[PDB]
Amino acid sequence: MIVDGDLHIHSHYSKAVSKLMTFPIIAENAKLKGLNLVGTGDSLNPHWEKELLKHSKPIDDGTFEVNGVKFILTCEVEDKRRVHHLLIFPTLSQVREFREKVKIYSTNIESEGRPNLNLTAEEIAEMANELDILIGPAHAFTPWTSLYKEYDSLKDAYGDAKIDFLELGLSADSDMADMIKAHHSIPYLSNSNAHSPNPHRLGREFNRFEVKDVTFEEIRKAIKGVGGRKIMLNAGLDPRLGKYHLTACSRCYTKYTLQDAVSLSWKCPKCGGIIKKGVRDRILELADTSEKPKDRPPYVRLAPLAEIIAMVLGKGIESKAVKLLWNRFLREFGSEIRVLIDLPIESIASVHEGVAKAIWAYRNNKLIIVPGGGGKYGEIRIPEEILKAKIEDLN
């Protein structure tokens, strides 16, 4: 069976997140967005474990279910060098063992969602492999809290340790990640690290797996690509829409080239901000080979349907008209990805014409995209001739 899953979210116990980020709301929004599997997130926090045991029903010893949505134990943690690490746990016993094992190395493990572990990345990965915990550098291209903002390679970060995946993130896709030779030997994950259960937030990037049943073991086999199970698709946000694609300032958000960045010494001239190196320039710095493996699954660059509706209606992202249109679209059809890629333009025009034309322009890549960097998301704008024209004379 084919299942879509987003295995990287943060509960309300994390900081700068939404208080509506609870199990029922997440399950409802995922079921409405056509999302089969959702990672628990913040599984190291005991209060979140209590809420999970209260609101959900167990499938086995590591897979749970609520409102028809499956859940696997996941958690993002922080490093002593301030590096994000995503972990997937087989069962709840592994969760409790890993928790009690690091209580002496942390002070907010029973207080925060993404906590602070005073341990080397090598030590964390070794402890994870000891208990067969899946571990990977989450959004490892961010110039703030990632791996490549601190280290230059995975071997220098983990040493004698072994990882199980590598989360790409918003500002990256499979090609630029595969531009590094070592990355050829590691499966990718297109996750969200999302904080709000909003349409454009929850499940902005997910992974489509082929499995036999919906359990942790099948997900592990699909990640490792064994026994017929495999990660057959990586649905992700366009890198130009991420918050740190290009190199820009952290205050004025002015885009600067890598050459101009080195010239100004990371000092913003007309602002004074601390310009941070985008993921594109970082990947270009760590350029290995122009080749990429064949077994790499395809990465479909998609945009949030909510933002498309907002830019078509000329209204905000959180407005009520765009919410009504999004709800009507999700009622008439299946999920966001269906209307974005799979659904034909003529069927989309049955609900709204301008939205169908914008989706056509996005599929044919005639949609204007201004990249984002330094903390600002990329923006999308449709040309005038695409909006004023009909549909038959379009293609």
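Note that residue numbering begins at 1 and tracks the sequence as displayed.
Undergrad: Do the CA atoms of 292 to 300 or those of 86 to 94 have the higher mean B-factor in the entry?
TA: Going by the record's values, the stretch with the higher mean is 292 to 300.
Undergrad: Highest mean C-alpha temperature factor of the two stretches 267 to 275 and 301 to 309, which is it?
TA: Result of the comparison: 267 to 275.
Undergrad: Going by the entry, which of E205, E218, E167, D260 has the most elevated CA B factor?
TA: Most elevated C-alpha B-factor of the set, per the entry: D260.
Undergrad: Using the entry's values, work out which of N364, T63, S43, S335 has the largest Cα B factor.
TA: Reading the PDB entry, the winner on C-alpha B-factor is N364.
Undergrad: What third of the chain does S192 rank in for C-alpha temperature factor, lowest, middle or highest?
TA: Highest third, going by the recorded CA B-factors of the chain.
Undergrad: If you rank every modelled residue in this chain by C-alpha B factor, which third holds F209: lowest, middle or highest?
TA: Bottom third by C-alpha B-factor.
Undergrad: Could you look up the Cα B-factor of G375 in the entry and say which third of the chain it sits in: lowest, middle or highest?
TA: Answer is lowest: the recorded C-alpha B-factor places it there.
Undergrad: Going by the recorded CA B-factors, say which third of the chain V3 sits in, lowest, middle or highest.
TA: Lowest third of the chain for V3's C-alpha B-factor.
Undergrad: Test of reading the entry: by CA B factor among the chain's modelled residues, which third contains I341?
TA: For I341, the deposited C-alpha B-factor lands in the highest third.
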